[PDB]
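1. As they sit in the full assembly, here are the leading chains:
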Amino acid sequence: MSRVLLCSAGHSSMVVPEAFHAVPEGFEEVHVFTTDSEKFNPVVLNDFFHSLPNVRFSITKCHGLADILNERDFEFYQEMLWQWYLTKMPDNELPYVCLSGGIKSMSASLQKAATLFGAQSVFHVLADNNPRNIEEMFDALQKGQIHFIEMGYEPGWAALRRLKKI
């Protein structure tokens, strides 16, 4: 059984190296849903998981969306997010979800998917001085200056999880 980590990442890609450490045992899968904004930095994350090859790592770009700016873009975003969530979800398990990255309209639609499709532990990650690279986040992990905010198990809907068959 696979402890899977689902995330939304924005410009600040450092949030994913911080959500993988916030669960002590570790993780198996790590999937990241981001926009096709050129401000997304794939490099900070492809250096980090290339030192953990026991972690099946993935990044989905929503081709053709960059900045959610009006009502149609969010209707286009929410739907694309909600699809990605059912697929990357494990088949025998609820996933671990991180609400930290992106903009606020990215993160509240992700709260709804976890409540609608289930989530082992919806959680939020806070930091004291905002680490910008891997050393900063490693030495700030070392002095106890990253706290993990848990929000609680989400039972979801077994019926609504069958939607990935259609």
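-> Thanks, I have the structure now. Numbering: from 1, shown residues only, chains lettered A, B, ... in the order given.

2. And the contacts of stretch A:152-159?
-> A:94, A:114, A:115, A:116, A:117, A:118, A:119, A:120, A:121, A:122 (C-beta atoms under 8 Å, 6 or more residues apart in numbering). Where C-beta positions appear, they are placed from N, C-alpha and C, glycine not excepted.

3. For the third one, which residues are in contact?
-> Right, residue A:115. Contact criterion C-beta under 8 Å, 6+ apart gives A:154, A:156 as the residues in contact with residue A:115.

4. what about it, distance to residue A:76?
-> If you measure residue A:115 against residue A:76 using C-beta to C-beta, to the nearest Å, the figure is 21 Å.

5. try the second one
-> Residue A:114 is 20 Å from residue A:76, where distance means C-beta to C-beta.

6. swap in the fourth one?
-> Distance from residue A:116 to residue A:76, counting by C-beta to C-beta: 18 Å.

7. what does residue A:125 give?
-> 27 Å.

8. Return the backbone torsion pair for the residue in chain A sticking out farthest from the centre.
-> Taking C-alpha atoms, centre = their mean, the residue of chain A most remote from its mean C-alpha position is residue A:143, at 24.6 Å. When read as degrees, to the nearest 10, the backbone of residue A:143 gives phi -100, psi 10.

9. so what's it up against?
-> In this structure, residue A:143 makes contact with no residue, judged by C-beta under 8 Å, 6+ apart.

10. ok now the one helix or strand residue A:123 maps to, how far from the chain's centre?
-> Using DSSP states H and E, residue A:123 sits in strand A:119-127. In terms of C-alpha atoms, centre = their mean, to the nearest Å, the centre of strand A:119-127 is found 9 Å from the chain centre.

11. what does stretch A:105-116 give?
-> Chain-centre distance of stretch A:105-116: 11 Å, with C-alpha atoms, centre = their mean.

12. Go through that stretch and flag the buried ones.
-> Taking 16 or more other C-beta atoms under 10 Å as the neighbour-count basis, stretch A:105-116 is seen to contain the buried residues A:106, A:107, A:109, A:110, A:111, A:113, A:114, A:116.

13. for the residues you listed, which one is nearest residue A:24?
-> Residue A:24 lies nearest to residue A:114 out of the buried residues of stretch A:105-116, by C-beta to C-beta, at 21.0 Å.

14. From residue A:153, how far off is that closest one?
-> Residue A:114 sits 10 Å away from residue A:153, taking C-beta to C-beta as the criterion.

15. Next: residue A:116.
-> Spatial separation of residue A:116 from residue A:153 under the definition C-beta to C-beta is 14 Å.

16. Same question for residue A:49.
-> Distance of residue A:49 to residue A:153, given as C-beta to C-beta: 27 Å.

17. Drop chain B onto that structure:
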Amino acid sequence: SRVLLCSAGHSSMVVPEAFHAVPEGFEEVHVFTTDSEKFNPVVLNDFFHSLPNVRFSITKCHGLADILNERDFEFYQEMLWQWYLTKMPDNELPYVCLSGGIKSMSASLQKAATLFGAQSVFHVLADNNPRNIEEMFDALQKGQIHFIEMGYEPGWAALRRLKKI
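-> So that you can see how it sits with the rest, here is chain B on the chains above:
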């Protein structure tokens, strides 16, 4: 009565934007903020005094300046859900704006709605980050502020009776 409930933090201007993103206006407004120093109540009040046909009530979380660890969020959350059940109408469901505050302020106000009900969980989005009143009324006027509703949350009457303990 249509009620508007808003988390607020550093950028105060989300609340007068949330006021105008519902065409008819609001009779009540209630803000739930920490006792931060950065929270500027002055721009809000200056707007909400020019509109004397409304009832405005900020409620400062007395003691909390910032949420930093899992203990400070659980103080925040429990004080938020009382206030959400305090300021909720008796017969109608409130309008909830997830625009101000931090992300754990908004995801908990998010939950609050789903547990108790919310006529409309919405989230106001702008373009240039309006710094003041004249800028916002010019933003509203050039068609740059966006009302992103997210959905009616019917809530649970079996949990709304909980205000009576």
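
18. Please reconsider the contacts of residue A:115 now that chain B is part of the model.
-> The neighbours of residue A:115, taking C-beta atoms under 8 Å, 6 or more residues apart in numbering or on different chains as the test, are A:154, A:156, B:114.

19. residues near the residue of chain A found nearest chain B, how many?
-> Residue nearest to chain B within chain A: residue A:147 (4.3 Å; C-beta to the nearest C-beta). For residue A:147, the tally of surrounding residues (other C-beta atoms under 10 Å in any protein chain shown) stands at 18.

20. Report the distance from stretch A:80-87 to the chain centre.
-> A distance of 12 Å separates the C-alpha centroid of stretch A:80-87 from that of its chain, computed with C-alpha atoms, centre = their mean.

21. right, is it up against chain B?
-> No - residues of stretch A:80-87 are not located near chain B by C-beta under 8 Å from any C-beta of the partner chain, the shortest gap being 12.7 Å.

22. That stretch: which residues count as buried?
-> Residues of stretch A:80-87 classed as buried: A:80, A:81, A:82, A:84, A:85, A:86 (neighbour count, 16 or more other C-beta atoms under 10 Å in any protein chain shown).

23. so the last one is in which element?
-> Secondary structure assignment for residue A:86, by DSSP H and E: helix A:71-88.

24. Residue numbers of chain A in contact with chain B?
-> Neighbours of chain B within chain A, by C-beta under 8 Å from any C-beta: A:68-71, A:74, A:99-100, A:104-105, A:107-109, A:111-112, A:115, A:124, A:126, A:128, A:147-151.

25. and these, which of them are in helices?
-> Residues of the residues of chain A next to chain B located in helices (DSSP state H): A:71, A:74, A:104, A:105, A:107, A:108, A:109, A:111, A:112, A:115.

26. in chain A, which spans are strands?
-> For chain A, strands defined by DSSP state E occupy the ranges A:4-9, A:29-35, A:56-62, A:96-98, A:119-127, A:146-154.

27. can you tell me which residues contact residue A:82?
-> A:109, A:113, A:116.

28. Let's see that with 7 Å instead.
-> Residues in contact with residue A:82 (C-beta atoms under 7 Å, 6 or more residues apart in numbering or on different chains) are residue A:113.

29. Could you check the angle the strand holding residue A:123 makes with strand A:146-154?
-> 160 degrees (axes from the mean of the first three to the mean of the last three C-alpha atoms, to 10 degrees).

30. what about residue A:155, neighbour count?
-> By the criterion of other C-beta under 10 Å, residue A:155 has 9 neighbours.

31. With residue A:76 instead?
-> The burial metric for residue A:76, expressed as a neighbour count using other C-beta under 10 Å, is 15.

32. Skipping its backbone neighbours, what lies nearest it in space?
-> With C-beta to C-beta, 6 or more residues apart in numbering or on different chains as the criterion, residue A:76 has its nearest non-adjacent residue at 6.2 Å, and that residue is residue A:65.
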